[PDB]
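Engineer: Below is a structure I'd like to ask you about.
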Amino acid sequence: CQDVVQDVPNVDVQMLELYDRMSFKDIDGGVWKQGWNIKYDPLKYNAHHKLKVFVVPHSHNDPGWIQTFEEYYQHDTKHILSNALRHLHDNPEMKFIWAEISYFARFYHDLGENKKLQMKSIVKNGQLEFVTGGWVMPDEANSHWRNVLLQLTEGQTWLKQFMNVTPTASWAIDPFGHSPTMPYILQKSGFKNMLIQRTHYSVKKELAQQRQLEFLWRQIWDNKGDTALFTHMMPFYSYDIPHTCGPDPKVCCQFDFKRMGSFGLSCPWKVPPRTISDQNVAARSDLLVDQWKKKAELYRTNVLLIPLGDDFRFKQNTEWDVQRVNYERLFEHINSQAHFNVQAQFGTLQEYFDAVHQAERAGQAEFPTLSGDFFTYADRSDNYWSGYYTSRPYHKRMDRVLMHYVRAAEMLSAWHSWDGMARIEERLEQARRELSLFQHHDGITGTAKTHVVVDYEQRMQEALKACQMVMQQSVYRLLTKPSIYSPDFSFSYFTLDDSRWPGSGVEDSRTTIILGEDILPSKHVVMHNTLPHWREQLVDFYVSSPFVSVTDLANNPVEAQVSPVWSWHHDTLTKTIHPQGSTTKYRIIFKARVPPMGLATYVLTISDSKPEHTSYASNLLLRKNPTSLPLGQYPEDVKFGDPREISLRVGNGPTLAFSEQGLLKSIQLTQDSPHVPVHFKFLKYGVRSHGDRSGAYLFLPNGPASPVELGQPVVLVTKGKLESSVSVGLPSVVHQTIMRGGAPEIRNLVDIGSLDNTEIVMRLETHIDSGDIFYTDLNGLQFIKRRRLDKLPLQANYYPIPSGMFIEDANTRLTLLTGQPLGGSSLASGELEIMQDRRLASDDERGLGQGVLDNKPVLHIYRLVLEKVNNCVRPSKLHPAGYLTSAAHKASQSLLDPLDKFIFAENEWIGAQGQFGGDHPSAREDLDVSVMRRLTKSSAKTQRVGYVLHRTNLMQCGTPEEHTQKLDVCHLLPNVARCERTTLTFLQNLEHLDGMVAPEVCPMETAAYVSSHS
Ligand SMILES: *[C@@H]1O[C@H](CO)[C@@H](O)[C@H](O)[C@H]1NC(C)=O
Ligand SMILES: [Zn+2]
């Protein structure tokens, strides 16, 4: 295995180093506004060395943005695809590329058989070519790598089945900045080439000057280069026709033949396109070839890519004709005039890349190597697209909940083959497709119109229900004696209980377990652990009595804690935010211990008085002017006091101190250690009163954030043996710090209310000597080093925080893990900050046509890990990556893939079993079974099950951490007949494995395996 820590890769372009050297000056470059006046030697091309030009027609189709997916399909996309089929069928030399399989599948299934056959023929013959082939063209900033792979697999599996093709070239022209997680996944999924567009204008200029717009993009830790994927970055401001023929949009716009008037479009540079005729074709070709030769100067081979398309183009039949006929007249003239030394034609993306590599192999060019990312994007001036790292945070959090429910539903149901009447495959396909759709660059990004966001939310809600149905049917089958199991596939044997989604204060959705001497003495609950190692985690349920005790199925008592159910209310009469306790529902909390990829059953039993193994938390309400807080049968009376500083410690864990406002002030790791200053603070950013306004995409603050005025907030302290917490009702945020014995969990119930033009940020202030360095993750896959640059504005120093961020010095590190993607930064040494929500009244001029005024309460979750790192083996100062410690990685897993909880619905579960998976291997902590998916329906004689295995890389800090078992996924199911390594989409077999054994993967590697069972 390659060492991902100690070997700094030698690359031609390392983006962090490039950023340190670049000046980012925004000067007027002439017609190419953000470049320079390109010059070329007319003698460069001649009869023995011609410029080969591929004009690639395309249509950017958004699966929801300003209209919903179905509205766009009915109004635009179905016509684009119907007319593409007709026009390509009738014009053999015309070509077209297509990216969004969600739309193509929706269209193809509705076609009659004659047209399905015509469509397959134009794909098989190379006229219509799929590019990337994912369900969508995903966002690359907020998306988790697992969901990027899910959507890629959904689209490519459909293409293989119905079109018999698997794209090896990717096209990503609209995500707002680009992540190296894409070439990582694509290169492990058979790809050979990829194309990107939205990168900072200063980066395009710098790379264009060095002819480094085509490069071999490798991961930041890859010393050898095995992850490298050839990448083409487009050079200009847009993918539209005015910014794709060459450097001068005033000229290129004249070659967009849809802009002459009858289509309702025009050229803003004021020179309209003119129909090509024999009297103007020579002057028109002279202008067009000059633009092409200038564009060609920015690249190394004699093969030039000229995209020809825009949003929802190639709809009308008249549009197909006007573009095709005019370009055909240009090609006929150009290709016949030897003096131009050009051969131009319509082509596809793969044709362009095949020609570029033919030139490379002939020795006509060598390409530079590159590592790093392309965040944060700016398309012009100081307009940095860091707002969408936070926009619509409720749905960003929903994305992560559904991510986990899809994984758990696919894994729980994979253990068995199911009859078609159970509708398992149907519900899982629905769930995968709705989550996949949301990965779109207007879905998770929070950049769609209000009614479109509602459509995505409704689709995800249906997906969550589908996952719950599959999970509970699976638990019932896995834990009931086989000869007793009698399923009704429409019945709810268990209901899921989720403590953090939608969350307390967001939706009262959890069911109370109702026990009583005159109704039901006890209830079975089951926990699932999707991770491949034994895991303990505290779990809580709502119960109708405080006198409840817990047992495992061997009837061994389990220690439990009961606490009240507290809900916070914004009291419009007293004008205070304070908690109310239930006098009939209580929370019972206990430690569940669950096998790797397994299940564990417990029983909750009521008694008339305090049970021996259940303790009760104390509760202290700190505020001036308190009023009573009765709690029914709860045995300890609530205590009151004036606001004051307090300290808490659960178990042998850290001791945390809080200010009188209920905010963390220090963390003491052990009895002997110092009280390290770690202070939480909430602040607000505003919007500029002159100039450009922040919107869904752009973050344009009116200066550094100002502190939120806190007043004298009400603080609630709950102290228990298993769990303690401090909660405070601040303006717009109920902030909670929860302690269970290790790093605290932070929960913020964020309700920005009607605070227009406000962004609320949560900041951590420490004295850690981080300087200008901080680390953020990319798609939940890797941590990349960031350097704050004071030569750039505040919003340029904001980066996506898809799952975590940290600062460190020689001795100390503070890591904040998140359960949802949000934007964040480190704006001064010792600080971390992450945005919670933003409410903007204005549109930001990118086409959305509205602000962001549809905020709703969201429960954000986090883990806060302070650690000593002086003993850890870390990368050298020049290495561009960082790595988590074991504790921080486990904390991230506790947020993203918690135990699932099931409550048996009926009164008695006949045939119940106590555990499933006790014999499953408990794998080393850095290894995960990211995906377990049965790939065959029950009618298949040979069953196939696919696994995606991912190994992260954790720092070595001196912990012996030992004894774990080798995990061979190919032997998890019995009767294995074959084990194969495959691409990550499971679509191509790469290796037949000896002994039917699936080897574990190396640090930072991901592999896929399929086991076959007789
Ligand atoms: C799929 O494509 C391969 C490669 O050209 C071809 O051999 C095979 O016959 C095709 N499958 C179908 C649809 O028959
Ligand atoms: Zn788009």
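First residue shown is number 1, and so on along the chain.
Cβ from N, Cα, C; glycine included.
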Engineer: For the Zn(2+) site, Swiss-Prot lists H60, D62, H441; sort out which one of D174, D321, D552, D571 goes with them.
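Structural biologist: According to Swiss-Prot, the candidate sharing the Zn(2+) site with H60, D62, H441 is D174.
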Engineer: According to DSSP, which kind of secondary structure is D62 (Zn(2+) binding site) found in, if we only use helix, strand and coil?
Structural biologist: coil
Engineer: Radius 10 Å, atoms counted are CB only; among the recorded positions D62, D174, which position scores highest?
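Structural biologist: Ranked by Cβ atoms within 10 Å, first place goes to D62.
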Engineer: Applying a 10 Å Cβ distance cut-off over all chains shown, what neighbour count does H60 (Zn(2+) binding site) have?
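Structural biologist: A 10 Å sphere around the Cβ of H60 (Zn(2+) binding site) contains 18 other Cβ atoms.
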Engineer: Given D62 (Zn(2+) binding site) and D174 (active site, nucleophile), what distance in Å do their CA atoms have, once rounded to a whole number?
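Structural biologist: Cα-Cα distance, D62 (Zn(2+) binding site) to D174 (active site, nucleophile): 10 Å.
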Engineer: In angstrom units, rounded to an integer, how far apart are the Cα atoms of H60 (Zn(2+) binding site) and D174 (active site, nucleophile)?
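Structural biologist: Per the Cα atoms, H60 (Zn(2+) binding site) and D174 (active site, nucleophile) stand 9 Å apart.
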Engineer: Taking only the Cα atoms, work out how far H441 (Zn(2+) binding site) lies from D174 (active site, nucleophile), in Å, as a whole number.
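Structural biologist: With distance taken Cα to Cα, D174 (active site, nucleophile) is 7 Å from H441 (Zn(2+) binding site).
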Engineer: With the Zn(2+) site defined by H60, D62, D174, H441, which remaining residues of that chain have Cβ atoms positioned within 8 Å of the Cβ centroid?
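Structural biologist: Other same-chain residues near the Zn(2+) site: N61, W65, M137, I173, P175, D311, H440, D442.
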Engineer: Measure the Cβ-based neighbour count of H441 (Zn(2+) binding site), defined as the other Cβ atoms within 10 Å of its Cβ.
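Structural biologist: Around the Cβ of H441 (Zn(2+) binding site), 26 other Cβ atoms lie within 10 Å.
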